Amino acid sequence: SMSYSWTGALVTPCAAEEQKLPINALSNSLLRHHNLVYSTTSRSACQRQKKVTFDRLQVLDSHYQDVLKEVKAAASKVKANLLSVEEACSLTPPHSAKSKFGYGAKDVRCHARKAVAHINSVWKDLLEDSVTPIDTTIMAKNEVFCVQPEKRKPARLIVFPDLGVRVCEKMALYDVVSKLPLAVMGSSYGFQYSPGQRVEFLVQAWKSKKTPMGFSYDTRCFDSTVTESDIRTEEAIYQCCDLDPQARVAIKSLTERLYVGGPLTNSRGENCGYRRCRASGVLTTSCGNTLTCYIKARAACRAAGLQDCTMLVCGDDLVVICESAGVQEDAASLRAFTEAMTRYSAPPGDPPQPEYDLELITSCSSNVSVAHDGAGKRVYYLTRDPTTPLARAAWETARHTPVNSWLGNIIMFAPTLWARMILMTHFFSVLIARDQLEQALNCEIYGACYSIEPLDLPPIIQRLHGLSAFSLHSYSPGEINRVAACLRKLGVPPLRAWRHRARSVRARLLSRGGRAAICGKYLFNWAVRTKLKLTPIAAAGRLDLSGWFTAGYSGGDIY
Ligand SMILES: O=C(NC1CC1)c1ccc(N2CCN(S(=O)(=O)c3ccc(OC(F)(F)F)cc3)[C@@H](C(=O)NCc3ccc(OC(F)(F)F)cc3)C2)nn1
């Protein structure tokens, strides 16, 4: 079956969409080459629709069936609870698409009477009807990128049910999604890790092999490759859990009326077509993709005969580290792995490449790199090309955005040369200029939403990355060059200009005392020759990373 069928109605916007990077003096101080920066809009939705629409080939073999049996046996050990309306209401991210039934995300989060009454009626309908297709809205996602030399990218398409339904999905399945992937894949479940644990996992996996070979596997439009039978098997896996009788019913209804497919409506209420694949904006998107990718990859590793595989899976992101059998055999065994994945309806985007250096693997848009701490000890950390984070940071300084990628990037990429010298310096000077140091901000990290005050960044970074995050130096030539080439391309000031700017930022923060002085001391110790002694921050031990800062969860894409 075709992943999509279209009517000719266009994917339409809700409000005006700006494609060009807006400019103000502060955003320009970060990046001057504004013409290279763009936002994706509904104008390119037609281009994305052609890429994501294809027929699926699915031939399951004994290797696939063997892994599915292990997953179902592992799933039987899970006990998951039905969430109450209130609980599901509190997990709703701020700014998620309002309901067409007269209430929005704010009403849901406040447990407003009107929102709760509607959600309750949606839930009763899921218990009484297991068949009628649920309507979905299709929107073109607005995301910021820098133009590429070889290739603007078309907008990604987001398919989501109404807000009331989204809350019901958490009531029936939030507890399943929070427990099932870890129970099923153990150490291979990538979402349990911080950046420091992911790097430790990859380095340890690499060192455990006699002659390691690794690869990232890029599935072409993963969501579209997900078949009706893949979605029905995810439901069969969910049912292996010890569940409440009402959750079992709602899970079946959600699968048959929404997850497997259904009608697509644009923002103007016109019929856009029909979906027979993964919806990008459902609670089970991330969990379902993680499970389905793990099943197909584990079976494909066996079908290819790859020796001693260690896998790390994050949604559709897959990385495999195995025991090399020589370059000719590895290239042939990777083609056999690809052929098996293709047969399982997971064909490649870019064909995988065997890598013999851990640093040359890109996975979760990142790579392993090395630096040294204050004692000169070797430290492995995760980094990436800063182009996209910098372009988005410039947009976010010119325009107030509900969700700030800059904050999530400073958090996830805190040990990096670029996040420290550029992102930290820039945002703390902008927060000083605007008097917003104490204002809590929203950010999203792979669907997990957080509400964080910039003044809490130092204890957050210490708890997440460790004290070494404030003392890394002696970055690699490749890393330095990648950042430096990025600055020249984007019109971003050189690192030495950022160092001088940071010394002024640092002084202003120190003079404010309290939490601001801690920001100046810890985050900007790299900017001074005469180093301050960085002792554990007391607030780092008091906090709880996972629970104190949570603003909810979106199982799939934005809105
Ligand atoms: O969809 C999910 N589950 C469904 C499928 C079943 C889901 C999604 C996210 C998520 N989390 C918690 C763990 N962490 S976390 O980093 O420990 C962290 C914890 C607290 C915190 O709090 C703050 F914000 F307050 F600091 C901030 C961060 C984040 C993460 O995505 N990790 C993986 C990862 C790690 C490194 C990577 O690589 C590179 F580093 F390059 F990005 C890429 C991915 C966010 N948990 N679950």
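Start at 1 with the first residue, then count along the sequence. Read the numbers this way: they start at 1 and go in the same order the structure lists the ligands and their atoms.
Considering backbone and side-chain atoms alike, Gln192 places every N or O at 3.5 Å or more from each N or O of ligand 1. Polar contact check, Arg198 against ligand 1: no nitrogen or oxygen pair lies under 3.5 Å apart. Between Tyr553 and ligand 1, at least one pair of N/O atoms sits closer than 3.5 Å.
Aromatic ring pairs are classed by plane angle as parallel below 30°, tilted from 30° to 60° and perpendicular above 60°; the pair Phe524 and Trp526 is tilted.
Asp373 has no carboxylate O lying under 4.0 Å from a charged side-chain N of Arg378, or vice versa, which leaves the two without a salt bridge. Remark: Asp244 does not engage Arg248 in a salt bridge, criterion side-chain N to carboxylate O under 4.0 Å.
Only the side chain of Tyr450 comes within 4.0 Å of ligand 1, counting heavy atoms alone; its backbone N, CA, C and O stay farther away. If you look at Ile445 next to ligand 1, the close heavy atoms, those under 4.0 Å, come from the backbone and the side chain alike.
A donor atom on one side chain and an acceptor atom on the other are not found under 3.5 Å apart for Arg506 and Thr425. Side-chain atoms of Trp418 and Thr383 include a donor-acceptor pair closer than 3.5 Å.
For atom 14 (N) of ligand 1, the candidate residues are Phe413, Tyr189, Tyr193; the nearest heavy-atom contact is made by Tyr193. With atom 18 (C) of ligand 1 as the reference point, the heavy atom nearest to it among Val313, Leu464, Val176 is part of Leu464. Proximity annotation for atom 41 (F) of ligand 1: of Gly447, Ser366, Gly556, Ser366 comes nearest, heavy atoms only.
Scored by the side-chain contact (heavy atoms from CB on, under 4.5 Å) test, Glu87 finds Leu83, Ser84 as partners (sequence neighbours excluded).
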